[PDB]
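# Analysis of the macromolecular model
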Amino acid sequence: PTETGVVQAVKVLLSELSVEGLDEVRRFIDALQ
Amino acid sequence: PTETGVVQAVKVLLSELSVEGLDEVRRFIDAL
Amino acid sequence: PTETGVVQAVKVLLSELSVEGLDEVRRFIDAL
Amino acid sequence: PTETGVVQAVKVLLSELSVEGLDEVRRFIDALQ
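Let me begin by describing the structure that accompanies this report. Numbers given to residues start from 1 along each chain, in the order its sequence is written, and need not follow the entry; residues that have no coordinates are not shown. To read the labels, note that chains go from A and ligands from 1, taken in the order they are written. The basis for every side-chain value is the complete set of heavy atoms in the structure, and neither hydrogens nor water enter the calculation.

## Thoughts on the overall build of chain A
- Here a helix means four or more residues in a row that DSSP labels H or I, a strand means two or more in a row labelled E, and each is numbered from the N terminus. Secondary structure summary: chain A contains two helices and zero strands in total.
- Its C-alpha atoms give chain A principal-axis dimensions of roughly 30 × 25 × 10 Å.
- Each residue gets one of three labels from its accessible area relative to the maximum for its type: buried under 20%, exposed over 50%, partly exposed in between, using a 1.4 Å probe on protein chains only. Put simply, chain A has 33 residues, and 45% of those count as buried.
- For the accessible areas, the method is Shrake-Rupley and the probe is 1.4 Å, while residue cover comes only from the protein chains on display. For chain A, the accessible surface area stands at approximately 1,600 Å², while carbon and sulfur atoms represent 51% of it.

Shown next, in the form of structure tokens:
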């Protein structure tokens, strides 16, 4: 698997989510760096 | 989430997998 | 990305789909 | 599809990505709100 493809899939999934879900994902990303 | 978007994202992910991974996903679909 | 993680994520997504969506994903696997 | 399941899948995918990919995803999330 390539990062480019995974990023594209993640964008598709995120684009439909509510603010609640987006806020949860952002907190998780901030834990990864 | 809509089914259309999730299906689209899954297809993008599957296009990156090896035959082994594709076979594992196919078996899981059979479990559902 | 590792195949193991992507496969795991795909399974989580597939557990949410209807039969119609699962059938579409299965057909796509056949295309790969 | 439920948001909870999609969020869980997104977390699995993000957890493996490089800083480059994570940075791209974050910019995208900020566009969704």
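Continuing now.
## What about the overall build of chain B?
- In terms of regular secondary structure, chain B is built from two helices and zero strands.
- If one aligns the C-alpha atoms of chain B with their principal axes, the spans along those axes are about 25 × 20 × 10 Å.
- Just so you have it, chain B exposes about 1,600 Å², and 48% of that area is on carbon and sulfur atoms.

## Looking at the nonpolar core
- Residues grouped as a nonpolar core are buried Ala, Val, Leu, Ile, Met, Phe, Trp, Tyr and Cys residues, joined through side-chain atoms within 4.5 Å. Grouped together as the largest cluster of nonpolar side chains are 42 residues, with contacts concentrated most on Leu14 of chain A, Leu14 and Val25 of chain B, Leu14 and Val25 of chain C together with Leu14 of chain D.
- Only α1 (3-14) and α2 (19-31) of chain A, α1 (3-14) and α2 (19-31) of chain B, α1 (3-14) and α2 (19-31) of chain C together with α1 (3-14) and α2 (19-31) of chain D provide two or more residues apiece to this core.
- The residues contacting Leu14 of chain A, other than those within four sequence positions of it, are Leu22 and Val25 of chain A together with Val10, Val25, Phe28, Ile29 and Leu32 of chain D. In this analysis, two residues are considered to be in contact whenever any of their non-hydrogen atoms come within 4.5 Å of each other.

## Observations regarding the pattern of salt bridges
- What makes a salt bridge here is a side-chain nitrogen of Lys or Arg within 4 Å of a carboxyl oxygen of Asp or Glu, nothing more. Applying the stated rule across the entire model yields 10 salt bridges over all chains.
- When the shortest N-O distance is used, the salt bridge between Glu24 of chain D and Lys11 of chain A registers 2.7 Å. Pair noted here: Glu24 of chain D is in helix α2 and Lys11 of chain A is in helix α1, and the two residues belong to different chains.
- On the accessibility criterion, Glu24 of chain D (29% relative accessible area) is partly exposed.
- It is possible to trace a salt-bridge network through shared partners that takes in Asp23 and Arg26 of chain A together with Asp30 of chain D.

## Thoughts on the packing of α1 of chain A against α1 of chain B
- With their axes 9 Å apart at the nearest point, α1 of chain A and α1 of chain B run at an angle of 175° to one another. When the axes of α1 of chain A and α1 of chain B are compared, the pair comes out roughly antiparallel. When α1 of chain A is examined against α1 of chain B, the residues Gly5, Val6, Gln8, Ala9, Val12 and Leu13 of chain A are found in contact with a partner set consisting of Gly5, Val6, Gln8, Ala9, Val12 and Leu13 of chain B.
- Nonpolar residues are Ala, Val, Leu, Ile, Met, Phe, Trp, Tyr, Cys and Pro. Charged residues are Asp, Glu, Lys and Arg, and all others, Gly as well, are polar. Residues belonging to the contact of α1 of chain A with α1 of chain B are distributed by class as follows: eight nonpolar, four polar and no charged. All axes here are fitted lines through C-alpha atoms, helices being fitted over the stretch that makes contact, and every angle between N-to-C directions spans 0 to 180 degrees. Angle categories: roughly parallel below 35 degrees, roughly antiparallel above 145, roughly perpendicular from 65 to 115, and oblique for all the rest.

## Overview of the relation of the copies chain A and chain D
- Expressed as a screw operation, the relation of chain A to chain D combines 0.0 Å of axial shift with a rotation of 180°, fitting to an RMSD of 0.0 Å. With respect to symmetry, the two chain copies, as superposed, fit the operation of a two-fold axis. Residue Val10 of chain A of chain A places its C-alpha closer to the rotation axis than any other residue of that unit, at 3.1 Å.
- Looking at chain A, 100% of its interface residues are interface residues in chain D too, so the copies touch through the same face. Superposition of the copies is carried out by least squares, using only their C-alpha atoms.

This is a description of form; function is not addressed.
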